[PDB]
Amino acid sequence: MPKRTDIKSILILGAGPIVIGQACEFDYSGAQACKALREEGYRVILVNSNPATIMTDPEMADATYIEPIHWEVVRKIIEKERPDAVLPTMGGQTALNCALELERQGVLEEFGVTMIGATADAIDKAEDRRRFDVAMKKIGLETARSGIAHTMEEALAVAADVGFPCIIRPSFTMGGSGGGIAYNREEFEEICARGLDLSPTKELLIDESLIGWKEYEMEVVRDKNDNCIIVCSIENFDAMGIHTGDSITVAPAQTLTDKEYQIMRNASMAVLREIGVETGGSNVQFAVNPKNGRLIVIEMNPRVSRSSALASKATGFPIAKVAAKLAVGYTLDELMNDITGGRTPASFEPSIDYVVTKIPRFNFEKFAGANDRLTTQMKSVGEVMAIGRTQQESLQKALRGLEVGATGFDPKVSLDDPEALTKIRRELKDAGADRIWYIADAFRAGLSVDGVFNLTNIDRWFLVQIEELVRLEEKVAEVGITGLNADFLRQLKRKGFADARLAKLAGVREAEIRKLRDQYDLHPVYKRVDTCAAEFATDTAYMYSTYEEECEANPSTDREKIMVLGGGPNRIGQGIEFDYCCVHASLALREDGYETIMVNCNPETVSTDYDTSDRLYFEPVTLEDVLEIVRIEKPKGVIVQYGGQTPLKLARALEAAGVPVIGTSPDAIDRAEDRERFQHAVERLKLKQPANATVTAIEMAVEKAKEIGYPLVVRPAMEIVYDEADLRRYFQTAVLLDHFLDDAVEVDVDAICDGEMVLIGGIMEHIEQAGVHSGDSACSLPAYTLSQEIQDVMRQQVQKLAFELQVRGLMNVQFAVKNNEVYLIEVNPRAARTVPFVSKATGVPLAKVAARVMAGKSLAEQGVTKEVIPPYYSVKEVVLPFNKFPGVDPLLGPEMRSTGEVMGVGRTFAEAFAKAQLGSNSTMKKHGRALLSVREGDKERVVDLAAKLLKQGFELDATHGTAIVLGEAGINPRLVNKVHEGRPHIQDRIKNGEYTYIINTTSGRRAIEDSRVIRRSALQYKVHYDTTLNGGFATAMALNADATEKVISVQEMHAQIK
Amino acid sequence: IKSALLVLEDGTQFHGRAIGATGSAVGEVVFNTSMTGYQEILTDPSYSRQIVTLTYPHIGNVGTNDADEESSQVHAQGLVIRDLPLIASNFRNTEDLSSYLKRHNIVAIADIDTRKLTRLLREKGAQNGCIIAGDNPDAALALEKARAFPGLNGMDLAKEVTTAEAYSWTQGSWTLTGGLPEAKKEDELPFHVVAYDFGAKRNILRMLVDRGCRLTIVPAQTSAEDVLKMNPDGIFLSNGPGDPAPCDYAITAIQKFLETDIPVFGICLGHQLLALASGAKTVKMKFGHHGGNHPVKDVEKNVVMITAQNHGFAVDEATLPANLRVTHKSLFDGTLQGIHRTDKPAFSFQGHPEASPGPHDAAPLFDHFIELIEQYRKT
Ligand SMILES: Nc1ncnc2c1ncn2[C@@H]1O[C@H](COP(=O)(O)OP(=O)(O)O)[C@@H](O)[C@H]1O
Ligand SMILES: Nc1ncnc2c1ncn2[C@@H]1O[C@H](COP(=O)(O)OP(=O)(O)O)[C@@H](O)[C@H]1O
Ligand SMILES: CC[N+](CC)(CC)CC
Ligand SMILES: NCCC[C@H](N)C(=O)O
Ligand SMILES: [Cl-]
Ligand SMILES: [Cl-]
Ligand SMILES: [Cl-]
Ligand SMILES: [Cl-]
Ligand SMILES: [Cl-]
Ligand SMILES: [Cl-]
Ligand SMILES: [Cl-]
Ligand SMILES: [Cl-]
Ligand SMILES: [K+]
Ligand SMILES: [K+]
Ligand SMILES: [K+]
Ligand SMILES: [K+]
Ligand SMILES: [K+]
Ligand SMILES: [K+]
Ligand SMILES: [K+]
Ligand SMILES: [K+]
Ligand SMILES: [Mn+2]
Ligand SMILES: [Mn+2]
Ligand SMILES: [Mn+2]
């Protein structure tokens, strides 16, 4: 049938803040679904606490709720919008989990809301590990030997049945959250405890090992007529034992014979049928024994996923778009295939004439004490994708697009290192994030294909390819630049070697290689993505480079073009926020009539959705790759200011090569980024800046330090030293020297400059003081403690700087306020990650405005000239990945570790904060026992915090020094033993559920290390904790509020602005 | 350096690398979208005189094995691919692809812009071409032979690939566990079907056995009279190369069968024969259908099936005699895919219900055929 008519309104459950394992892929999917349903004339309501999402843009839906994704809150949204149906398959596990709670809570019944896409039963059938296993056996599909557990006792018994190593998998979790591989009992207990607690259903599935078998996935779509298609197959590079999300993966499958593929294909469809997915897609996972084709079913995800996004990018088939339409009664045969100009139906199986490779992006450097070995629980923060005509080409392109400074297979160990083979061996046997490079080093080191195989379990099919690339590199190194004849160079290019990689081997500048290609006229061609292996033409311009014969670009001669450079894979500090901007630049300009060209390779993002721009080049964001596109597009201007560090770093080089860079100049950018350059302008402008030095020698520092004055901020990773003794101390383990502004308020300011005027986008007051990374601080818009007097000063200071540095489009300024004095921390002449939040808060699409400015249209001309101060408070709170790395001390500092953020909207600051905190997955309660354990400098203010908690009904606990101060205040807390003190101590108390809140503040490397236990325990046991007094006060405040009391939509928020 | 060159009728050259036999090869050039199943494709008799181009870049990843051969030999005139992998990596592989081609004496080229090729063929339609692999491949020559190619239009190839003498087939389908099974004993198979060999795929036969059919394969040219004598529980019209049109013997026979009450089922070429025999007309498609992701709708049930296709000719829907009712159509182009006799127990499918390679989606077409048989026996 055609669309459903007994439905008018649809509520779509969003995914929430980005986290490891649940990332940008949900904005892309959610946006696609809004789009789809909206196109179908439905009334769409959505909830997503993540403000940096395109799906929350007011113009994408009918009723947008940026509210905490809690059933009580969603209930209020349902009560208030009275949706007819709810689609819970476009928002990660968060959406699944919420849909079911809503069901459980009977909320769905209460309001007569119909679940579409997938039913509650289906979802459970796939999400409940026991159920899933039963269904498989019921359809004769084999599963690993396993057992269910609901307690440690039961768990220990399964372990006893399967032995080690064993695989632990929680029910109702994904991304390997709460799971792992137990090699021993000790490990077993750890993982299991963790997963039981984390499981929404307090249930684990423990399996025997299949580590080393091949790992495959298949993306399936089924319609109500029972039509079923395989949209894409995926062969993992990294074998079973390493989560699909942390694995290198390629499409399509490579090593299965047609016979095996059919069986897999039949199994996949059977699984969907059994689980009951009747109107949407699903990801089905399997294990294959390379030795005999033995097929095992691992799991099924009744929703869109990071794989379905990847599959969509890979094949050109918009899974989520189709699924949303299926959700509403449409059948596959009824829908048209987007990219083939609607010429054909969606009911078909795509065929691709290229190889897709996805490589995960990690951030282990950011988590010192973390276990950096790859396992079944995802640890990756993002991913890149590449398209090549061959696997080698595909792989190498991905490596160079990874944003880790690789040009491909750069070496990790020295040839002349006596212990090199042992190091290699270890990295191979126990995969870390660097494995890919160690494989190459293995070949250079004399190890055979078979030897590498035995260690890694990666199929030889892939391995031989890397070995061949190594041998080719060895040739290059021998023949040097002289040997780079046209014939050979072409061969190299065809295998995907970057100019940079070649340059290094030939000992020349990458530019030399590039000139050499110009000489030989050796440039790549562009092929288009079409879902059908060229069987049908396409009107879409979704392309990738390759060294072939026929070019398919067909640039227009017609329009003025604007190029937008993406940031590549997401990483901590470089998230979705930047991609949001990129997207906006494109929608605006395109709407303005320019021909918009997007260059990016992040498979998860909306930026890489062919609908977002006129032309999409799915390529590595490198000078080489971008130069090639410019070469042929001859764009009017290129924007490098919106994709984060990635494109920023290419600005100078691009200009030098004659690229028409628009907006703030690369020189301008450098003035800001260059400490020295920047120190002069500050100086120039008669502005306040913390005392600084530039020390080369230890003893030089200690002297210069005396000058500057402690405490000190040592920027080369950053550290805060407090005394001379501390300085050396650092120096040992260990250069800019900056006086650290203690007890200071940190502020962020986002603005736009058009050369004529400066528009203040937003002044954000952080909760955590300066010293706690802006990226990890919660913030308020508008400020909640800052005098107008002082903000005005900052506003004036931002204008002074905007003009001086010649800003053209967006900027961001960071200040520190100490003793009614404004101190400049830094200037970022580009779009900052706060941009999306400010746009949401203020209703002003700053990325669109700044984009138009960059392109020629003034602020005056657009009618955006006055700063907006909204009638409500907007608070942004972050989410930290500490829970993924338990060895890590979960404490804040000058270095950013967060992955995502949420936004809270309130009539008061307390209300906004409340919503933000809840939205952040805080386990804070309004009653219980709190534990206070603060540093010296906080002992004074802790009294008032202790009282505030007292007024609330909390009971208090405290360690010695604190108890002392409180006692003198007349507050007598219940004494608590530090761990060395005796018993019970905090650990025991926290472990036994005594506390519902913890406030623990520490200063000093040593003090920190000592207090480590408190924080690590608070996290493990799920107690809300604050590591800043400013944070605790905020928490205090929020208690006076009720995050579920009232809900408002973005449309409503925005209408309130005068 | 072992060169290979491929030249099309239009003068379009593709310079690559030789990966099979040294030599030359001339035929109609086609493209196939199948990401898996290269071997089964190569050994498909319908590929006789056709030079096969595969759209999926890496061809040979799994090597080769005897179970994956659809016939006794390699029917493809030539093979055009983008990349020949360094190794074959699959537990079932018994011989790398190059070795295989060499062994079957097949001219093959790798390393050419297959996509460019594909779009050419789609845009301008099928073309005859020539592949030359040797020390110095003469383009001019290659152009000559390609241009010289007769063409598959009006070419009866069914007679060329057909068995010399009739035979019996009692073998069933492959299993992962069991591999290709031992042939069954005659008393073991319920029905007895007579199958015209128009360049028959082993999978069709195996799948028929699977359903309890004992077969007697017959040469293409066998006479109705001769068949009838056999007291067949049903008659089957296999797939096969070339133009169905020129197969007068087959048509004439079919008509004869259509006077009786015996069940008749045609697959691919057999579909076209049935159609012609009924009064319909066949056409040669622009580039035809070769792939394994082809949606086909069962108009009656309003259900779609992803199928394995391999045809360069079709039955014109607009010429269909009233005793022919349309059963299936392509979702890709709307072309005719299935027909059934309104008056007789005769029906056919343009695609390959037996797949191999390909989706198992259309397998049930066989089922119907059994039904008719079971019911023809009830009488
Ligand atoms: N029996 C097993 N042996 C080895 N690895 C396994 C086994 N079962 C699953 N895995 C690994 O664990 C990963 C995560 O399991 P999965 O069922 O997909 O959970 P999730 O839903 O969290 O993604 C798989 O992608 C695979 O690498
Ligand atoms: N001199 C200083 N005094 C106090 N806090 C500072 C000082 N310098 C930097 N910080 C803190 O360190 C953080 C990161 O420093 P910043 O210069 O902005 O580096 P980044 O490039 O990472 O944004 C700031 O957000 C702030 O919390
Ligand atoms: C994966 C996201 N969560 C699990 C569904 C944990 C951060 C939401 C609470
Ligand atoms: N915005 C940072 C997160 C706050 C965390 N509860 C802490 O205080 O450490
Ligand atoms: Cl989860
Ligand atoms: Cl086993
Ligand atoms: Cl086994
Ligand atoms: Cl860890
Ligand atoms: Cl509570
Ligand atoms: Cl202190
Ligand atoms: Cl070519
Ligand atoms: Cl014709
Ligand atoms: K309803
Ligand atoms: K699942
Ligand atoms: K089992
Ligand atoms: K894997
Ligand atoms: K998966
Ligand atoms: K801060
Ligand atoms: K910065
Ligand atoms: K070539
Ligand atoms: Mn899962
Ligand atoms: Mn999984
Ligand atoms: Mn900063």
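Residue numbers (PDB author numbering), protein chains in the order written: chain A, 1 to 716, 724 to 741, 750 to 1073; chain B, 2 to 380. Note that the Cβ used here is the ideal one computed from N, Cα and C, for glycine as well.
Beta-bridge partners of residue i, as assigned by DSSP
i                     : result
residue 85 (chain A)  : A:10, A:114
residue 367 (chain A) : Answer by DSSP bridge pairing: none, since residue 367 (chain A) is not bridged.
residue 66 (chain A)  : Per DSSP, none; premise fails for residue 66 (chain A).
residue 44 (chain A)  : A:10
residue 170 (chain B) : B:216
residue 710 (chain A) : Looking at the DSSP assignment, residue 710 (chain A) forms no beta bridge with any residue, so it has no partner.
residue 49 (chain A)  : Beta-bridge pairing links residue 49 (chain A) to no other residue.
Cutoff 8 Å; reference residue i; Cβ partners in own chain excluding five residues on either side
i                      : result
residue 24 (chain B)   : 106, 108, 133, 134, 135
residue 960 (chain A)  : 947, 1014, 1044, 1047, 1048, 1051
residue 1022 (chain A) : 950
residue 95 (chain B)   : 64, 65, 66, 67
Spatially closest choice to residue i from the options, by CA coordinates
i                     : options                    : result
residue 885 (chain A) : A:900, A:909, A:906, A:854 : A:854
residue 597 (chain A) : A:575, A:605, A:626, A:573 : A:626
residue 123 (chain B) : B:30, B:163, B:351, B:153  : B:30
residue 28 (chain B)  : B:166, B:148, B:225        : B:148
residue 43 (chain B)  : B:99, B:182, B:8, B:363    : B:99
Supposed contact pair residue j and residue i - C-beta distance, whole angstroms, cut 8 Å
i                     : j                     : result
residue 411 (chain B) : residue 338 (chain B) : For residue 411 (chain B) there is no data in the structure shown, the boundaries of chain B being 2 and 380.
residue 38 (chain B)  : residue 358 (chain B) : 2 Å
residue 584 (chain A) : residue 860 (chain A) : 6 Å
residue 664 (chain A) : residue 822 (chain A) : 5 Å
residue 122 (chain A) : residue 322 (chain A) : Not a contact, Cβ separation roughly 18 Å.
C-beta neighbour in chain A for residue i, strict 7 Å
i                     : result
residue 114 (chain B) : yes
residue 117 (chain B) : yes
residue 218 (chain B) : no
residue 87 (chain B)  : yes
residue 368 (chain B) : no
residue 320 (chain B) : no
residue 136 (chain B) : no
residue 325 (chain B) : no
Residues near residue i in its chain [Cβ-Cβ closer than 6 Å; skip 5 each side]
i                     : result
residue 941 (chain A) : 1054
residue 86 (chain A)  : 11, 113, 115
residue 858 (chain A) : 1069, 1072
residue 341 (chain A) : 539
residue 303 (chain A) : 89
residue 14 (chain A)  : 30, 46, 47, 48, 91
Cut-off 7 Å between Cβ atoms - residues of its own chain near residue i, not counting five sequence neighbours on either side
i                     : result
residue 453 (chain A) : 460, 463
residue 569 (chain A) : 361, 382, 383, 384, 402, 403, 602
is_contact[residue i, chain B] using C-beta, thresh 7 Å
i                     : result
residue 43 (chain A)  : no
residue 607 (chain A) : no
residue 437 (chain A) : no
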